[PDB]
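J.: below: the sequence, then the experimentally determined structure.
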Amino acid sequence: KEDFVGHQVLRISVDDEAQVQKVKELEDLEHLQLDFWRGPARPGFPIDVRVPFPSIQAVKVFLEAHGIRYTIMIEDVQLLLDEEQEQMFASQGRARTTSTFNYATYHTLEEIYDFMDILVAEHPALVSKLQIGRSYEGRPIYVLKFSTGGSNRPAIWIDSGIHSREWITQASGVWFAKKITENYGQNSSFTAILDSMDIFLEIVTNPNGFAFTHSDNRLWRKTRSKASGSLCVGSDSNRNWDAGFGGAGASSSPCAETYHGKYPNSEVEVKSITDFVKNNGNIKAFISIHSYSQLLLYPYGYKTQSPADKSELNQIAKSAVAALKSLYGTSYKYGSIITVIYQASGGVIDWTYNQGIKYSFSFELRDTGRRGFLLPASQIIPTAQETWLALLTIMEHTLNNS
Ligand SMILES: CC(C)[C@H](N)C(=O)O
Ligand SMILES: [Zn+2]
């Protein structure tokens, strides 16, 4: 285990471009071992960073010397860890059925893989468990297929957990998979979707990573491929695609949290998807799910030039986000990745959209920074529930607009 005792997470404000440029100088001070939750982009866009205990003075002094304002969002990250660990301990249950699974606690890799096998066994005629590959540490990579028949019917892909530290995404992916086998046949509207389409749902899209955030390092985001030449492990799975690969927004340093890999599709966990998509070919909408920041995003990340379907994408996004907000009030923003979060090269949806999958969306779930990746387990179900309203609006649109 790594501990995060007295590590703080700072929210840095930048009022102009010169300040934005200073924060990305600090980002270049490798030996600070700074973990940027939400990196430098533009003035008025919030920069979140986790700084390790030793580095805190160095960061604070640099910031004040330049008159850049910061605030402390989380005064000690290890306390949030202790709270999480504490409630998984108390929630440690025994799911032999999906109706008795605890959806309101975080689970381990095994417990989720167990869940998939209990789900396909309870509803064999709807869900299937497809293995599309094996990760670097040899773990199988699974996809659930939800289908009422057909041969190569138009499908809808959802993935979750491409970045392992984002535990709200794998947890919501598990709630959705119960949800579909619940509302099929009982929800007139949702029943019409599955009568026409297939849904592919990949819950643990980065299994080696996910297990590592339970074993050794909670705050781990990359894969676990061990690379030629370094003490340094992993590549950022959402910098590894061949869309703007190696462009601005991805690091060439293997020790960086945003290191792209040696070549596009070098990671098994990504190349499995690329082969799945390129062999399926009738995938109509592609949704990749992250956290945090409460954003719904569409192409592009790597480039300022607009996607050709911009007006439509912006309207779906407008409708979806409004459906999400109608439940719990949770405020989202939307728009193209590069304008709404930052420029970042080699993303999933920039690739899929360039493969003709027009309805390519990326979510960033709750929250907007007070817990970040350590989102309280009591929010797992509200988060899944409201994002299902948005995920439905996109599915309905796919159905309608053939
Ligand atoms: C680029 C963006 C789509 C994503 N949150 C990333 O940082 O990997
Ligand atoms: Zn992510």
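T.: Received, thanks. Residues are numbered from 1 along each chain as shown. Ligands and ions are numbered 1, 2, ... in the order given.

J.: now do the strands in the stretch 301-402 of the chain.
T.: Ranges of strands in the stretch 301-402 of the chain, per DSSP state E, counting those that start in this stretch, are 333-336, 359-365.

J.: I'd like those strands written out as a markdown table, with mean neighbour count and distance to ligand 2 added.
T.: The way it works is simple: take the backbone N, C-alpha and C, and place the C-beta from them, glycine included. Supplementary listing: the strands of the stretch 301-402 of the chain in a markdown table, determined by neighbours: other C-beta atoms under 10 Å; distance: least, C-beta to the ion, whole Å:
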| stretch | mean neighbour count | distance to ligand 2 |
| --- | --- | --- |
| strand 333-336 | 19 | 16 |
| strand 359-365 | 25 | 7 |
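
J.: contact residues of the stretch 51-200 of the chain facing ligand 2?
T.: Applying C-beta under 5 Å from the ion, we find that the stretch 51-200 of the chain lies next to ligand 2 at residue 163.

J.: so where do the strands sit in the stretch 51-200 of the chain?
T.: Here the stretch 51-200 of the chain has its strands, by DSSP E, counting those that start in this stretch, at 70-74, 127-134, 140-146, 155-160, 198-202.

J.: tabulate those strands (JSON lines), appending mean neighbour count and distance to residue 101.
T.: JSON lines is the format used below for the strands of the stretch 51-200 of the chain (neighbours: other C-beta atoms under 10 Å; distance: least, C-beta to C-beta, whole Å):
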{"stretch": "strand 70-74", "mean neighbour count": "16", "distance to residue 101": "30"}
{"stretch": "strand 127-134", "mean neighbour count": "15", "distance to residue 101": "15"}
{"stretch": "strand 140-146", "mean neighbour count": "20", "distance to residue 101": "15"}
{"stretch": "strand 155-160", "mean neighbour count": "24", "distance to residue 101": "16"}
{"stretch": "strand 198-202", "mean neighbour count": "23", "distance to residue 101": "16"}
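
J.: can you add distance to residue 114 and give those back as CSV?
T.: Formatted as CSV, the strands of the stretch 51-200 of the chain follow (distance: least, C-beta to C-beta, whole Å):
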stretch, distance to residue 114
strand 70-74, 32
strand 127-134, 12
strand 140-146, 12
strand 155-160, 17
strand 198-202, 16
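
J.: out of those, which gets nearest to residue 229?
T.: Nearest to residue 229 among the strands of the stretch 51-200 of the chain is strand 127-134; the distance by C-beta to C-beta comes to 24.6 Å.

J.: now the angle between strand 198-202 and the closest one, please.
T.: Calculated by axes from the mean of the first three to the mean of the last three C-alpha atoms, to 10 degrees, strand 127-134 forms an angle of 50 degrees with strand 198-202.

J.: tell me how far strand 127-134 lies from the chain's centre.
T.: The chain centroid and the centroid of strand 127-134 are separated by 20 Å, computed with C-alpha atoms, centre = their mean, to the nearest Å.

J.: parallel or antiparallel, list what pairs with that strand.
T.: Here strand 127-134 is paired, per DSSP bridges, with strand 140-146 (antiparallel).

J.: residues contacting the partner strand, please?
T.: With contact meaning C-beta atoms under 8 Å, 6 or more residues apart in numbering, strand 140-146 is reached by 113, 116, 119-120, 126-135, 177, 180-181, 184, 194, 198-205, 207, 268-269, 272, 276.

J.: next: stretch 104-113.
T.: 84, 87-88, 91, 93, 95, 115, 139, 142, 167, 170-171, 174, 203-204, 207, 210-211, 214, 377-378, 380-381.

J.: try it again at 6 Å.
T.: 88, 91, 167, 207, 210, 211, 214, 377, 380, 381 (C-beta atoms under 6 Å, 6 or more residues apart in numbering).

J.: neighbours around the residue in the stretch 101-250 of the chain that ligand 1 sits nearest to, how many?
T.: Taking C-beta to the nearest ligand atom, ligand 1 has its nearest neighbour within the stretch 101-250 of the chain at residue 238, 3.9 Å off. Residue 238: 26 surrounding residues under other C-beta atoms under 10 Å.

J.: does the spatially most central residue of the chain count as helix, strand or coil?
T.: Central residue of the chain (C-alpha atoms, centre = their mean): residue 290, 1.9 Å from the mean position. Look at residue 290: counting by DSSP: H, G, I helix; E, B strand; the rest coil, its state is strand.

J.: now it: closest residue in space that isn't a chain neighbour?
T.: Spatial nearest neighbour of residue 290, excluding adjacent residues (C-beta to C-beta, 6 or more residues apart in numbering): residue 364 at 5.1 Å.

J.: enumerate every residue touching that neighbour.
T.: Contacts of residue 364 by C-beta under 6 Å, 6+ apart are 290, 291, 293, 295.

J.: same question, residue 211
T.: Residue 211 is in contact with residue 109, counting by C-beta under 6 Å, 6+ apart.

J.: how many other residues sit next to the residue nearest to residue 62 when sequence neighbours are not counted?
T.: In space, and not counting its chain neighbours, residue 62 is closest to residue 26: 5.7 Å by C-beta to C-beta, 6+ apart. Residue 26 has 22 neighbours, counted by other C-beta under 10 Å.

J.: from residue 338, how far out is residue 26?
T.: Separation of residue 26 from residue 338 (C-beta to C-beta, to the nearest Å): 22 Å.

J.: tally of neighbours for the residue in the chain positioned nearest to ligand 1?
T.: Closest approach between the chain and ligand 1, counting by C-beta to the nearest ligand atom: residue 344, at 3.5 Å. Counted with other C-beta under 10 Å, the neighbours of residue 344 add up to 23.

J.: mind listing the helices for this structure?
T.: 17-26, 56-65, 77-90, 109-122, 167-183, 188-196, 207-215, 268-280, 310-328, 337-340, 348-354, 380-400 (DSSP state H).
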